[PDB]
Amino acid sequence: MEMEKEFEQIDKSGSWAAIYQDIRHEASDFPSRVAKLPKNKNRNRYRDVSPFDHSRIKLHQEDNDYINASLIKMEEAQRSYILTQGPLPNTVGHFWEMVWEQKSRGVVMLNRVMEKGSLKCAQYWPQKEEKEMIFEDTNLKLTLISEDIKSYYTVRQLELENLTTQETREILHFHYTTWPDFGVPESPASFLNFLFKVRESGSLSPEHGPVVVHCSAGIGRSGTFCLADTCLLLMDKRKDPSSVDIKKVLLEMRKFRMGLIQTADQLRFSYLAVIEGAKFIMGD
Ligand SMILES: O=C(c1c(F)cccc1F)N1CCCCCC1
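Mind the numbering: the sequence shown is residues 79 to 362 in our numbering, read in order.
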């Protein structure tokens, strides 16, 4: 059912809360036993947000392979994403180990380091060219190469060096800096333009490892980004674009990470971005 028509029908009937609870009720429940081991307590930001065992990313080390991160593999769309929490003071070295091992080209950050007067994630990248960062626990060096600051987002070029082999790679950091402290953006224009800049970079393409996407918990804003990208890609691949069912795509993605889309307002915003995004691509 043309999702724009369903959209107006839910708005007029004021039933976003009911639609959102139905998704919550139908969503997959898989074990997360590795996340709950006592040795991993200081590797989780939130007690109620854990990666499933079946889809978790493993660190390549025999000591402790755990990170709060999930592989979202979208079979029909032919896109994969790694969704993860904002790094903690004791997991910044793990974070960059994962980027290195998974062969990612891009990191997408949808939060500010401080929001609502509290820290939402560690300062995990260097702010000045001449002050690089060394992660002694994982043997990596990270240097800021360039920074481009725009009204709604910042793009950074970073150099990651594996100190063990002296290999280097260029990583692109896409930082959406204007998501409001409360609620969702009033217009999906800045977010869709941001999505379009990540795509244009190559960061989402199959010649690279999966893009790493985070916010504070890695389920809410992070969920909105992947859901919008996958829905738009399906609407361009299929003969009948009106067959793309956002609710069904979200439940497929919830097979791989719990809690994607955290509020009925985030669900409404996800609809708005896809609907308004399709008509801009199709030529209009
Ligand atoms: O002007 C818009 C737009 C729209 F299509 C619908 C509603 C409000 C808007 F602001 N966009 C410009 C860049 C393309 C991706 C974002 C959309």
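From the three backbone atoms N, C-alpha and C, an ideal C-beta is built for every residue, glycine too.
In angstroms with no decimal places, state the Cα-to-Cα distance between residue i and residue j.
{"i": "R190", "j": "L305", "result": "21 Å"}
{"i": "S224", "j": "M331", "result": "34 Å"}
{"i": "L270", "j": "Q244", "result": "37 Å"}
{"i": "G361", "j": "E278", "result": "17 Å"}
{"i": "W94", "j": "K325", "result": "12 Å"}
{"i": "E153", "j": "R316", "result": "14 Å"}
{"i": "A200", "j": "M187", "result": "12 Å"}
{"i": "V291", "j": "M79", "result": "30 Å"}
{"i": "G355", "j": "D141", "result": "45 Å"}
{"i": "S229", "j": "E179", "result": "33 Å"}
{"i": "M313", "j": "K117", "result": "44 Å"}
{"i": "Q344", "j": "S268", "result": "15 Å"}
{"i": "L115", "j": "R121", "result": "10 Å"}
{"i": "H253", "j": "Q99", "result": "31 Å"}
{"i": "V177", "j": "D226", "result": "22 Å"}
Tell me, which residues are paired with residue i by DSSP?
{"i": "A147", "result": "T162"}
{"i": "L250", "result": "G184, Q235"}
{"i": "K136", "result": "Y144"}
{"i": "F108", "result": "DSSP lists no partner for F108."}
{"i": "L197", "result": "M192"}
Of the choices the options, whose alpha-carbon is the least far from that of residue i?
{"i": "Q340", "options": "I353, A295, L197, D323", "result": "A295"}
{"i": "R111", "options": "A267, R125, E104", "result": "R125"}
{"i": "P165", "options": "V185, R346, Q180, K181", "result": "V185"}
{"i": "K209", "options": "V177, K117, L236", "result": "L236"}
{"i": "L338", "options": "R123, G92, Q139, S148", "result": "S148"}
{"i": "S281", "options": "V233, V327, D318, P319", "result": "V233"}
{"i": "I101", "options": "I359, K357, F358, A342", "result": "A342"}
{"i": "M211", "options": "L161, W174, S133, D318", "result": "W174"}
{"i": "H103", "options": "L329, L310, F358, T246", "result": "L329"}
Are residue i and residue j close, meaning C-beta to C-beta below 8 Å?
{"i": "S128", "j": "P288", "result": "no"}
{"i": "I353", "j": "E82", "result": "yes"}
{"i": "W257", "j": "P263", "result": "yes"}
{"i": "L250", "j": "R183", "result": "yes"}
{"i": "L220", "j": "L238", "result": "yes"}
{"i": "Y202", "j": "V170", "result": "yes"}
{"i": "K151", "j": "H286", "result": "no"}
{"i": "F347", "j": "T308", "result": "no"}
{"i": "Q156", "j": "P284", "result": "yes"}
{"i": "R335", "j": "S133", "result": "yes"}
Let me know the secondary structure DSSP gives residue i once reduced to three states.
{"i": "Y231", "result": "strand"}
{"i": "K117", "result": "helix"}
{"i": "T221", "result": "strand"}
{"i": "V352", "result": "helix"}
{"i": "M79", "result": "coil"}
{"i": "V290", "result": "strand"}
{"i": "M192", "result": "strand"}
{"i": "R157", "result": "strand"}
{"i": "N122", "result": "coil"}
{"i": "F272", "result": "helix"}
{"i": "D226", "result": "strand"}
{"i": "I97", "result": "helix"}
{"i": "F334", "result": "coil"}
{"i": "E179", "result": "helix"}
Does at least one heavy atom of ligand 2 sit under 7 Å from the Cβ of residue i?
{"i": "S93", "result": "As presented, the structure is devoid of ligand 2, carrying ligand 1 as its sole ligands."}
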